[PDB]
file start_11.cif (mmCIF, C-alpha atoms)
data_start
loop_
_atom_site.label_atom_id
_atom_site.label_comp_id
_atom_site.auth_asym_id
_atom_site.auth_seq_id
_atom_site.Cartn_x
_atom_site.Cartn_y
_atom_site.Cartn_z
CA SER A 1 -8.84 58.63 -46.16
CA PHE A 2 -9.86 55.55 -47.84
CA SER A 3 -6.34 54.88 -48.90
CA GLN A 4 -5.10 54.15 -45.46
CA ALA A 5 -7.38 51.27 -44.94
CA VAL A 6 -8.23 49.81 -48.18
CA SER A 7 -4.54 48.95 -48.37
CA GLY A 8 -4.93 47.69 -44.81
CA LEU A 9 -7.83 45.49 -45.94
CA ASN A 10 -5.79 44.15 -48.86
CA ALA A 11 -2.82 43.45 -46.58
CA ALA A 12 -4.95 41.57 -44.06
CA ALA A 13 -6.68 39.61 -46.83
CA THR A 14 -3.32 38.50 -48.24
CA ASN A 15 -2.22 37.62 -44.70
CA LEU A 16 -5.30 35.43 -44.25
CA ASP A 17 -4.80 33.79 -47.63
CA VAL A 18 -1.15 33.04 -46.83
CA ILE A 19 -2.25 31.45 -43.55
CA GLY A 20 -4.90 29.45 -45.39
CA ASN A 21 -2.32 28.43 -47.97
CA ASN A 22 -0.12 27.19 -45.13
CA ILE A 23 -2.95 25.24 -43.49
CA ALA A 24 -4.06 23.79 -46.83
CA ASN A 25 -0.48 22.73 -47.56
CA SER A 26 -0.08 21.12 -44.15
CA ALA A 27 1.52 17.67 -44.57
CA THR A 28 2.20 17.90 -48.26
CA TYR A 29 5.76 16.74 -48.75
CA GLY A 30 8.45 19.25 -49.56
CA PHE A 31 6.24 22.27 -48.95
CA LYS A 32 7.84 25.31 -47.38
CA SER A 33 5.74 27.61 -45.22
CA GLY A 34 4.82 31.12 -46.26
CA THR A 35 4.62 34.31 -44.23
CA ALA A 36 3.55 37.60 -45.76
CA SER A 37 5.99 40.44 -45.18
CA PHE A 38 4.45 43.90 -45.31
CA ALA A 39 5.65 47.49 -45.46
CA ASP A 40 4.12 50.88 -44.79
CA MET A 41 3.93 53.73 -47.27
CA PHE A 42 4.88 57.31 -46.64
CA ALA A 43 5.22 60.33 -48.90
CA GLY A 44 6.04 64.02 -48.69
CA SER A 45 3.18 64.06 -46.22
CA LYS A 46 4.19 63.21 -42.68
CA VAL A 47 1.08 61.02 -42.38
CA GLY A 48 1.29 57.37 -43.37
CA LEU A 49 -0.70 56.19 -46.35
CA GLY A 50 -1.27 52.55 -45.63
CA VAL A 51 0.35 49.14 -46.00
CA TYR B 303 7.46 73.48 -84.20
CA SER B 304 6.88 69.83 -85.04
CA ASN B 305 10.52 68.95 -84.30
CA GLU B 306 9.88 70.16 -80.72
CA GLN B 307 11.80 73.40 -80.97
CA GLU B 308 10.51 76.90 -80.41
CA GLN B 309 11.79 80.09 -81.94
CA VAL B 310 11.09 83.68 -81.03
CA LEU B 311 9.35 85.79 -83.66
CA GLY B 312 9.30 89.09 -81.80
CA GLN B 313 9.28 90.90 -78.51
CA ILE B 314 6.39 93.35 -78.18
CA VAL B 315 7.76 96.86 -77.84
CA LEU B 316 6.38 99.15 -75.16
CA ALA B 317 6.55 102.93 -75.04
CA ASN B 318 6.41 105.41 -72.20
CA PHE B 319 6.10 109.17 -72.56
CA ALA B 320 7.13 112.42 -70.95
CA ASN B 321 3.54 113.02 -69.94
CA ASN B 322 0.75 110.65 -70.85
CA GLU B 323 -1.97 113.25 -70.34
CA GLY B 324 -1.10 115.22 -73.47
CA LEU B 325 -1.69 112.37 -75.90
CA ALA B 326 -4.03 112.85 -78.85
CA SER B 327 -6.53 110.00 -78.92
CA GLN B 328 -7.63 109.51 -82.51
CA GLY B 329 -10.95 108.04 -83.68
CA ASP B 330 -10.20 104.53 -82.44
CA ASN B 331 -8.54 102.91 -79.39
CA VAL B 332 -5.22 104.55 -80.34
CA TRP B 333 -3.29 107.59 -79.18
CA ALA B 334 -0.92 109.71 -81.26
CA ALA B 335 2.52 110.84 -80.09
CA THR B 336 2.43 114.62 -80.39
CA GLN B 337 4.16 117.89 -79.59
CA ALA B 338 2.44 117.86 -76.19
CA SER B 339 4.07 114.56 -75.18
CA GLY B 340 7.25 114.34 -77.26
CA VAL B 341 8.96 111.19 -78.47
CA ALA B 342 7.92 107.89 -76.92
CA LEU B 343 10.74 106.22 -75.05
CA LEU B 344 10.88 102.68 -76.40
CA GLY B 345 11.71 99.37 -74.77
CA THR B 346 10.56 95.91 -73.74
CA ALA B 347 8.51 95.12 -70.66
CA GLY B 348 9.85 93.76 -67.40
CA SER B 349 12.64 96.34 -67.57
CA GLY B 350 12.79 99.82 -66.12
CA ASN B 351 9.64 101.93 -65.96
CA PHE B 352 7.82 99.76 -68.51
CA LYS C 52 -7.05 87.19 -60.13
CA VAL C 53 -6.23 83.52 -60.66
CA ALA C 54 -2.44 83.37 -60.62
CA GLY C 55 -2.31 79.67 -61.34
CA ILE C 56 -3.91 76.27 -60.86
CA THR C 57 -1.12 74.45 -59.04
CA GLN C 58 -0.88 70.68 -59.12
CA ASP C 59 0.03 69.01 -55.82
CA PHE C 60 2.62 66.32 -56.44
CA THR C 61 2.30 64.26 -53.28
CA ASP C 62 2.28 60.65 -54.42
CA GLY C 63 -0.80 58.56 -53.75
CA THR C 64 -0.95 55.01 -52.52
CA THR C 65 0.69 52.29 -54.57
CA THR C 66 -2.33 50.02 -54.81
CA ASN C 67 -1.07 46.55 -55.69
CA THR C 68 -3.02 45.54 -58.78
CA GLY C 69 -1.97 42.01 -59.70
CA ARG C 70 -1.27 42.87 -63.33
CA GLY C 71 2.26 42.79 -64.75
CA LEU C 72 2.71 45.80 -67.04
CA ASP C 73 1.52 48.35 -64.48
CA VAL C 74 4.75 49.83 -63.19
CA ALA C 75 4.32 52.99 -61.12
CA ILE C 76 6.63 55.60 -59.61
CA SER C 77 6.39 56.76 -56.01
CA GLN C 78 8.88 59.69 -55.87
CA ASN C 79 9.79 62.76 -57.96
CA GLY C 80 9.93 60.79 -61.25
CA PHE C 81 7.78 61.05 -64.39
CA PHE C 82 7.13 58.61 -67.23
CA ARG C 83 8.03 59.77 -70.73
CA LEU C 84 5.62 59.09 -73.59
CA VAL C 85 5.22 59.93 -77.26
CA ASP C 86 2.26 59.85 -79.62
CA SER C 87 1.93 59.36 -83.37
CA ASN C 88 2.97 62.97 -84.02
CA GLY C 89 6.23 62.27 -82.23
CA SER C 90 5.23 64.92 -79.69
CA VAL C 91 6.72 64.34 -76.26
CA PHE C 92 4.42 64.07 -73.24
CA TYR C 93 4.96 63.17 -69.60
CA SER C 94 2.72 61.36 -67.16
CA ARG C 95 2.36 59.31 -64.00
CA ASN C 96 -0.27 56.70 -64.81
CA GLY C 97 1.38 53.35 -64.80
CA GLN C 98 -1.33 51.30 -66.44
CA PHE C 99 0.47 50.08 -69.55
CA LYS C 100 -0.42 47.92 -72.48
CA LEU C 101 1.08 46.25 -75.50
CA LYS D 52 -12.12 112.49 -47.01
CA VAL D 53 -10.97 108.90 -47.39
CA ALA D 54 -8.09 108.97 -44.93
CA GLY D 55 -6.74 105.61 -46.01
CA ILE D 56 -7.35 101.94 -46.71
CA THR D 57 -5.39 100.17 -43.97
CA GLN D 58 -5.07 96.41 -44.06
CA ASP D 59 -5.68 94.25 -41.01
CA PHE D 60 -2.23 92.73 -40.54
CA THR D 61 -3.23 90.09 -38.01
CA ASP D 62 -2.10 86.52 -38.45
CA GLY D 63 -4.20 84.50 -40.82
CA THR D 64 -4.88 80.84 -40.25
CA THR D 65 -2.14 78.42 -41.27
CA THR D 66 -3.73 75.73 -43.41
CA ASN D 67 -1.29 72.84 -43.46
CA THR D 68 -0.80 71.86 -47.08
CA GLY D 69 1.65 69.03 -47.63
CA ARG D 70 3.53 70.98 -50.29
CA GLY D 71 7.24 71.29 -49.58
CA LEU D 72 7.59 74.87 -50.83
CA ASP D 73 4.61 76.25 -48.89
CA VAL D 74 6.47 77.89 -46.04
CA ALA D 75 4.56 80.53 -44.09
CA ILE D 76 5.05 83.01 -41.25
CA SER D 77 2.88 83.36 -38.17
CA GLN D 78 4.42 86.53 -36.62
CA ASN D 79 5.29 90.10 -37.65
CA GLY D 80 7.64 89.13 -40.50
CA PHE D 81 7.49 89.56 -44.27
CA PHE D 82 9.01 87.76 -47.24
CA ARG D 83 11.40 89.97 -49.19
CA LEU D 84 11.12 89.61 -52.95
CA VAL D 85 12.52 91.13 -56.08
CA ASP D 86 11.26 90.92 -59.62
CA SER D 87 13.10 91.13 -62.93
CA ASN D 88 13.21 94.94 -62.84
CA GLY D 89 15.11 94.85 -59.56
CA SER D 90 12.36 96.60 -57.61
CA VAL D 91 12.04 95.22 -54.11
CA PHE D 92 8.64 93.99 -52.96
CA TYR D 93 7.35 92.34 -49.81
CA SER D 94 4.72 89.65 -49.39
CA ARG D 95 3.28 87.00 -47.12
CA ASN D 96 1.99 84.53 -49.72
CA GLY D 97 4.53 81.81 -49.13
CA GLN D 98 3.43 79.54 -51.95
CA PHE D 99 6.70 78.93 -53.78
CA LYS D 100 8.07 77.05 -56.77
CA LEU D 101 10.98 77.08 -59.18
CA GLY E 353 13.08 57.71 -57.55
CA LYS E 354 12.41 54.00 -57.48
CA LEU E 355 9.40 52.45 -59.17
CA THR E 356 7.47 49.35 -58.15
CA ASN E 357 6.60 46.42 -60.37
CA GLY E 358 2.94 45.56 -59.86
CA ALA E 359 1.51 48.39 -57.80
CA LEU E 360 -0.26 51.32 -59.46
CA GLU E 361 -0.29 55.02 -58.55
CA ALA E 362 -3.58 55.95 -56.93
CA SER E 363 -4.51 59.61 -56.97
CA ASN E 364 -3.72 62.07 -54.18
CA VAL E 365 -7.23 63.57 -53.95
CA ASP E 366 -8.53 63.31 -50.41
CA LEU E 367 -12.30 63.13 -50.74
CA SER E 368 -13.13 64.71 -47.36
CA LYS E 369 -10.84 67.72 -47.76
CA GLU E 370 -12.17 68.51 -51.22
CA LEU E 371 -15.77 68.28 -49.99
CA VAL E 372 -15.11 70.68 -47.13
CA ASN E 373 -13.28 73.01 -49.48
CA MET E 374 -16.28 72.79 -51.82
CA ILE E 375 -18.66 74.01 -49.10
CA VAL E 376 -16.46 77.04 -48.39
CA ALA E 377 -16.09 77.74 -52.10
CA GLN E 378 -19.88 77.63 -52.42
CA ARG E 379 -20.36 80.21 -49.68
CA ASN E 380 -17.60 82.33 -51.22
CA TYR E 381 -19.51 82.24 -54.49
CA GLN E 382 -22.79 83.17 -52.82
CA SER E 383 -21.17 86.11 -51.09
CA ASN E 384 -19.72 87.29 -54.38
CA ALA E 385 -23.32 87.04 -55.58
CA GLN E 386 -24.29 89.20 -52.61
CA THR E 387 -21.81 91.90 -53.54
CA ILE E 388 -22.91 92.04 -57.19
CA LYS E 389 -26.49 92.19 -55.91
CA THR E 390 -25.73 95.09 -53.63
CA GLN E 391 -23.81 96.91 -56.36
CA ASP E 392 -26.57 96.73 -58.92
CA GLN E 393 -28.93 97.59 -56.07
CA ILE E 394 -26.99 100.80 -55.46
CA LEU E 395 -26.86 101.41 -59.21
CA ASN E 396 -30.61 101.25 -59.63
CA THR E 397 -31.17 103.20 -56.44
CA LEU E 398 -29.29 106.12 -57.91
CA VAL E 399 -30.68 105.59 -61.41
CA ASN E 400 -34.27 105.55 -60.13
CA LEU E 401 -33.84 108.83 -58.24
CA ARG E 402 -33.69 111.87 -60.45
CA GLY F 353 22.59 19.41 -48.57
CA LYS F 354 22.73 16.31 -46.45
CA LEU F 355 20.82 13.85 -48.61
CA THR F 356 19.10 10.71 -47.35
CA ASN F 357 17.78 7.89 -49.50
CA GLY F 358 14.58 6.42 -48.09
CA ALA F 359 13.10 9.01 -45.77
CA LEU F 360 10.95 11.85 -47.08
CA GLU F 361 10.66 15.47 -45.90
CA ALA F 362 7.42 16.82 -44.45
CA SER F 363 6.26 20.42 -44.65
CA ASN F 364 7.71 22.82 -42.10
CA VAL F 365 4.38 24.43 -41.21
CA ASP F 366 3.34 24.15 -37.55
CA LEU F 367 -0.43 24.03 -37.56
CA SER F 368 -1.53 25.35 -34.16
CA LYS F 369 0.73 28.38 -34.55
CA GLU F 370 -1.07 29.00 -37.84
CA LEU F 371 -4.44 28.70 -36.09
CA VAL F 372 -3.27 31.42 -33.70
CA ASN F 373 -2.11 33.48 -36.70
CA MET F 374 -5.49 33.03 -38.41
CA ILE F 375 -7.27 34.29 -35.28
CA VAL F 376 -4.94 37.33 -35.15
CA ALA F 377 -5.38 38.01 -38.86
CA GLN F 378 -9.17 37.60 -38.65
CA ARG F 379 -9.53 40.18 -35.91
CA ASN F 380 -7.03 42.45 -37.70
CA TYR F 381 -9.07 42.15 -40.90
CA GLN F 382 -12.32 42.99 -39.17
CA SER F 383 -10.61 45.91 -37.42
CA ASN F 384 -9.64 47.31 -40.81
CA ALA F 385 -13.23 46.63 -41.85
CA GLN F 386 -14.32 48.81 -38.96
CA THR F 387 -12.00 51.60 -40.06
CA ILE F 388 -13.46 51.65 -43.58
CA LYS F 389 -16.89 51.64 -41.89
CA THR F 390 -15.98 54.65 -39.78
CA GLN F 391 -14.42 56.55 -42.62
CA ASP F 392 -17.27 56.21 -45.06
CA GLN F 393 -19.48 57.09 -42.10
CA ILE F 394 -17.65 60.39 -41.77
CA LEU F 395 -17.84 60.79 -45.55
CA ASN F 396 -21.58 60.37 -45.55
CA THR F 397 -22.03 62.77 -42.66
CA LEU F 398 -20.09 65.20 -44.87
CA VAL F 399 -22.53 64.29 -47.64
CA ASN F 400 -25.84 64.59 -45.83
CA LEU F 401 -24.87 67.53 -43.63
CA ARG F 402 -24.91 69.89 -46.64
#
call {"tool": "encode", "arguments": {"input": "start_11.cif", "output": "structure tokens"}}
result
Amino acid sequence: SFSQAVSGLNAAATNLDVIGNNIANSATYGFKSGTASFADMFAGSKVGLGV
Amino acid sequence: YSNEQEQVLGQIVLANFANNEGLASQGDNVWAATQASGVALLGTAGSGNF
Amino acid sequence: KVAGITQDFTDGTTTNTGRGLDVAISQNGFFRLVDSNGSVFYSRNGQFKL
Amino acid sequence: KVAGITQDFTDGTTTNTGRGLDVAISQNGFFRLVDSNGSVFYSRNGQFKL
Amino acid sequence: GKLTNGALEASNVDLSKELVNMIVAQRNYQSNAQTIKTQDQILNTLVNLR
Amino acid sequence: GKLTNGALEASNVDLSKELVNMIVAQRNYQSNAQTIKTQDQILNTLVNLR
């Protein structure tokens, strides 16, 4: 039960830190932007255990 | 064993009887195969009437 | 009667800990380990250490 | 006289466990089984393994 | 299966499901206490009568 | 590449699009905060129901 979200919390925190790392590296020369790419877990359960 | 191999050291024999009710229980937890029950038919478990 | 305490082998979440030597399986697989006796054991914790 | 101990063969609840080999019936049917003796038995505990 | 580099295998124990199984197991234990209490109650009710 | 001598390359990050992304990620993060709030709220109603 916790599993579903705490991985959701960690995913959204890394998303925010990637956005902040883009904004902090605005107008530094030769920087390339970052975008976090996520993925969902599944298992032998048909319910989905997070990000 | 410490080489990670097992070996068998025995298979516990089981014994049925003609009738069980005619066994002579001796002075402990044992019964004696007698005239009233005949020879015990011998064999392992998981097989037949055992 | 207790026939058996059955483990349930549904994999949990793969919580991304930032450490390096913490490789973990999320399928049927099982890590192989030995101890100082040379006795083989098998596990699924991935937290590893030099 | 004790005429007989008759089981209530209604459908029990189907608790969904995520185990793959936990098939179960919710109707009249019965799982056919044998054991090592070759005697045929019948059950409804569908908890299975290898 | 495949195995991931940095992530670690969390356990599969759902906390809620094991709590609500624990409540039912408690009441199962207390009703087994009720049947031992009624069986030694019937034992002393036929011991106490002559 | 096509290489030029005097001119320098700026970062490819478009800043207002990242402001919009930070708003989306902030409300996503606090929505996941509200789902951990609701799920330890159902865990503590399982606790203090008893």
call {"tool": "resolve_selection", "arguments": {"input": "start_11.cif", "expression": "the PyMOL selection byres ((chain C) within 9 of (chain D))", "output": "VMD selection string"}}
result
chain C and resid 59 to 61
call {"tool": "residues_around", "arguments": {"input": "start_11.cif", "residues": "range 308-325 of chain B", "least_positions_apart": "4", "cutoff": "12 Å", "atoms": "all atoms listed in the file", "output": "list in words"}}
result
residues 303, 304, 332, 333, 334, 335, 336, 337, 338, 339, 340, 341, 342, 343, 344, 345, 346, 347, 348, 349, 350, 351 and 352 of chain B
call {"tool": "atom_distance", "arguments": {"input": "start_11.cif", "atom1": "CA of residue 46 in chain A", "atom2": "CA of residue 6 in chain A"}}
result
19.1 Å
call {"tool": "resolve_selection", "arguments": {"input": "start_11.cif", "expression": "the PyMOL selection byres ((chain A) within 7 of (chain F))", "output": "list in words"}}
result
residues 1, 2, 5, 8, 9, 12, 13, 15, 16, 19, 22, 23, 26, 27, 28, 29, 30, 31, 32 and 33 of chain A
call {"tool": "resolve_selection", "arguments": {"input": "start_11.cif", "expression": "the PyMOL selection byres ((chain C) within 9 of (chain B))", "output": "number ranges by chain"}}
result
C: 88-91
call {"tool": "calpha_fit_and_write", "arguments": {"input": "start_11.cif", "fixed": "chain E", "moving": "chain F", "output": "short mmCIF file (atom, residue, chain, number, x, y, z; two decimals) with C-alpha atoms, in the coordinates of the input"}}
result
data_model
loop_
_atom_site.label_atom_id
_atom_site.label_comp_id
_atom_site.auth_asym_id
_atom_site.auth_seq_id
_atom_site.Cartn_x
_atom_site.Cartn_y
_atom_site.Cartn_z
CA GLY F 353 11.91 58.12 -58.85
CA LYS F 354 11.62 54.93 -56.88
CA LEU F 355 9.90 52.67 -59.39
CA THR F 356 7.88 49.58 -58.53
CA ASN F 357 6.73 46.93 -60.97
CA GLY F 358 3.31 45.57 -60.07
CA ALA F 359 1.65 48.14 -57.84
CA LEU F 360 -0.17 51.14 -59.29
CA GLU F 361 -0.44 54.72 -57.98
CA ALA F 362 -3.78 56.17 -56.91
CA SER F 363 -4.73 59.84 -57.08
CA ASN F 364 -3.53 62.04 -54.25
CA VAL F 365 -6.87 63.79 -53.73
CA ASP F 366 -8.40 63.41 -50.26
CA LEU F 367 -12.14 63.49 -50.77
CA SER F 368 -13.62 64.72 -47.49
CA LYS F 369 -11.19 67.64 -47.42
CA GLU F 370 -12.50 68.50 -50.89
CA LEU F 371 -16.09 68.30 -49.62
CA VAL F 372 -15.12 70.85 -46.96
CA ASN F 373 -13.47 72.97 -49.68
CA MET F 374 -16.61 72.78 -51.84
CA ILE F 375 -18.73 74.00 -48.92
CA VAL F 376 -16.30 76.90 -48.33
CA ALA F 377 -16.20 77.76 -52.03
CA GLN F 378 -20.00 77.54 -52.34
CA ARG F 379 -20.61 80.02 -49.55
CA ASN F 380 -17.78 82.23 -50.88
CA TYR F 381 -19.39 82.17 -54.33
CA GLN F 382 -22.80 83.11 -53.01
CA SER F 383 -21.20 85.86 -50.91
CA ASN F 384 -19.72 87.35 -54.06
CA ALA F 385 -23.17 86.91 -55.60
CA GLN F 386 -24.53 89.02 -52.78
CA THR F 387 -21.95 91.72 -53.42
CA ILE F 388 -22.92 92.00 -57.10
CA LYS F 389 -26.55 92.10 -55.88
CA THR F 390 -25.79 94.97 -53.52
CA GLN F 391 -23.77 96.90 -56.04
CA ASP F 392 -26.28 96.81 -58.84
CA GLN F 393 -28.82 97.68 -56.16
CA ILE F 394 -26.90 100.87 -55.43
CA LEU F 395 -26.56 101.43 -59.18
CA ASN F 396 -30.28 101.21 -59.70
CA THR F 397 -31.00 103.51 -56.78
CA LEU F 398 -28.67 105.93 -58.59
CA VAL F 399 -30.76 105.27 -61.70
CA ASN F 400 -34.26 105.66 -60.33
CA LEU F 401 -33.46 108.45 -57.88
CA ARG F 402 -32.98 110.94 -60.75
#
call {"tool": "interface_residues", "arguments": {"input": "start_11.cif", "of": "chain A", "to": "chain C", "cutoff": "12 Å", "atoms": "only C-alpha atoms", "output": "MDAnalysis selection string"}}
result
chainID A and resid 1:11 14 39:51
call {"tool": "atom_distance", "arguments": {"input": "start_11.cif", "atom1": "CA of residue 307 in chain B", "atom2": "CA of residue 82 in chain C"}}
result
20.7 Å
call {"tool": "closest_residue", "arguments": {"input": "start_11.cif", "among": "E:357, E:396, E:390, E:402", "to": "chain C", "atoms": "only C-alpha atoms"}}
result
E:357
call {"tool": "atom_distance", "arguments": {"input": "start_11.cif", "atom1": "CA of residue 53 in chain C", "atom2": "CA of residue 84 in chain D"}}
result
19.9 Å
call {"tool": "residues_near_point", "arguments": {"input": "start_11.cif", "point": "(-3.1, 82.6, -58.8)", "cutoff": "12 Å", "atoms": "all atoms listed in the file", "output": "ChimeraX atom specification"}}
result
/C:52-57 /D:96,98-99
call {"tool": "decode", "arguments": {"input": "start_11.cif", "residues": "range 71-85 of chain D", "atoms": "N, CA, C and O atoms", "output": "JSON list (two decimals), in the first residue's frame"}}
result
[["chain", "number", "residue", "atom", "x", "y", "z"],
["D", 71, "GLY", "N", 0.16, -17.78, -8.49],
["D", 71, "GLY", "CA", -0.23, -18.29, -9.80],
["D", 71, "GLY", "C", -0.90, -19.65, -9.74],
["D", 71, "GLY", "O", -1.87, -19.90, -10.46],
["D", 72, "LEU", "N", -0.38, -20.54, -8.91],
["D", 72, "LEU", "CA", -0.96, -21.87, -8.74],
["D", 72, "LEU", "C", -1.90, -21.92, -7.54],
["D", 72, "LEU", "O", -1.78, -22.78, -6.68],
["D", 73, "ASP", "N", -2.85, -20.99, -7.48],
["D", 73, "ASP", "CA", -3.93, -21.00, -6.50],
["D", 73, "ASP", "C", -5.27, -20.94, -7.20],
["D", 73, "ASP", "O", -6.11, -20.09, -6.93],
["D", 74, "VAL", "N", -5.46, -21.84, -8.17],
["D", 74, "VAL", "CA", -6.73, -21.95, -8.86],
["D", 74, "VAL", "C", -7.79, -22.48, -7.89],
["D", 74, "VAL", "O", -7.48, -23.16, -6.91],
["D", 75, "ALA", "N", -9.05, -22.11, -8.13],
["D", 75, "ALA", "CA", -10.13, -22.54, -7.26],
["D", 75, "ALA", "C", -11.45, -22.54, -8.00],
["D", 75, "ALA", "O", -11.67, -21.74, -8.91],
["D", 76, "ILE", "N", -12.35, -23.42, -7.57],
["D", 76, "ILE", "CA", -13.66, -23.62, -8.18],
["D", 76, "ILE", "C", -14.66, -22.82, -7.38],
["D", 76, "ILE", "O", -14.54, -22.72, -6.15],
["D", 77, "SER", "N", -15.66, -22.24, -8.05],
["D", 77, "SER", "CA", -16.86, -21.78, -7.36],
["D", 77, "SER", "C", -18.10, -22.29, -8.10],
["D", 77, "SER", "O", -18.88, -21.49, -8.60],
["D", 78, "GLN", "N", -18.33, -23.60, -8.00],
["D", 78, "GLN", "CA", -19.45, -24.37, -8.54],
["D", 78, "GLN", "C", -19.41, -25.76, -7.92],
["D", 78, "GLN", "O", -18.78, -25.97, -6.89],
["D", 79, "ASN", "N", -20.12, -26.70, -8.54],
["D", 79, "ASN", "CA", -20.25, -28.06, -8.03],
["D", 79, "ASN", "C", -18.97, -28.89, -8.09],
["D", 79, "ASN", "O", -18.91, -29.92, -7.41],
["D", 80, "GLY", "N", -17.96, -28.48, -8.86],
["D", 80, "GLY", "CA", -16.89, -29.38, -9.25],
["D", 80, "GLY", "C", -15.94, -29.78, -8.12],
["D", 80, "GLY", "O", -16.03, -29.33, -6.98],
["D", 81, "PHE", "N", -15.01, -30.67, -8.47],
["D", 81, "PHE", "CA", -14.01, -31.20, -7.55],
["D", 81, "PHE", "C", -12.72, -31.51, -8.29],
["D", 81, "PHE", "O", -12.75, -32.07, -9.38],
["D", 82, "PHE", "N", -11.60, -31.17, -7.66],
["D", 82, "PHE", "CA", -10.30, -31.55, -8.19],
["D", 82, "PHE", "C", -10.04, -33.03, -8.00],
["D", 82, "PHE", "O", -10.11, -33.54, -6.87],
["D", 83, "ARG", "N", -9.74, -33.73, -9.08],
["D", 83, "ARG", "CA", -9.31, -35.12, -9.01],
["D", 83, "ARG", "C", -7.83, -35.16, -8.69],
["D", 83, "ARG", "O", -7.04, -34.39, -9.24],
["D", 84, "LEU", "N", -7.44, -36.08, -7.82],
["D", 84, "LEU", "CA", -6.07, -36.23, -7.39],
["D", 84, "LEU", "C", -5.74, -37.72, -7.36],
["D", 84, "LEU", "O", -6.62, -38.55, -7.18],
["D", 85, "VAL", "N", -4.46, -38.04, -7.51],
["D", 85, "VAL", "CA", -3.96, -39.32, -7.04],
["D", 85, "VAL", "C", -2.83, -39.04, -6.07],
["D", 85, "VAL", "O", -2.36, -37.91, -5.94]]
